[PDB]
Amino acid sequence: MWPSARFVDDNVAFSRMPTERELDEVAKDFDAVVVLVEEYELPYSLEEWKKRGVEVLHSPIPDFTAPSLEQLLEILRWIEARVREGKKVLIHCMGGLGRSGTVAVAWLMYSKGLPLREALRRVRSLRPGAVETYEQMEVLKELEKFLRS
């Protein structure tokens, strides 16, 4: 297994950005990637995933900002579809683990119905530092309200 990934359930993991040297490595373990990094900060083309048969969702979230609730719902629904196909999914951003950690917490809320408090604790247990900003926490609160309703 690619030990940089941490799984929040049987099928969904989050990690730092794999480098071009690691692409075959994570393609062996994952069939789908959620790429949160902005186009201009990529060090290889995302066609690298396509030539390996890996499905790509490119939904960039700028450095130190939170996704909108709509953006997050779109990401979650796509992850859901891939998991239902039997695929393992890797969420990643470049640099810290604020943005990828936010999507990982949202996935636990969305798929397992965990309240935000427990989902946050879980992901932070996996990677201390996940969910870095007040804005990221606030969109997770907005998600929780959406789901409860």
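Residue positions are given as counts along the sequence shown, with the first one as 1.
Taking the PDB entry as given, 122-130 carries the higher mean Cα B factor of the two stretches 122-130 and 12-20.
Comparing the listed residues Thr65, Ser59, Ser68, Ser100, the entry records the largest Cα B-factor for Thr65. Per the deposited record, the Cα B-factor of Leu147 falls in the highest third when ranked against the other modelled residues of its chain.
Sort the modelled residues of the chain by CA B factor and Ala27 lands in the middle third. Among the modelled residues of its chain, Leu36 has a C-alpha B-factor that falls in the lowest third according to the deposited record. The PDB entry assigns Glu47 a C-alpha temperature factor belonging to the middle third of its chain's modelled residues. Among all modelled residues in its chain, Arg84 ranks in the highest third by Cα B-factor.
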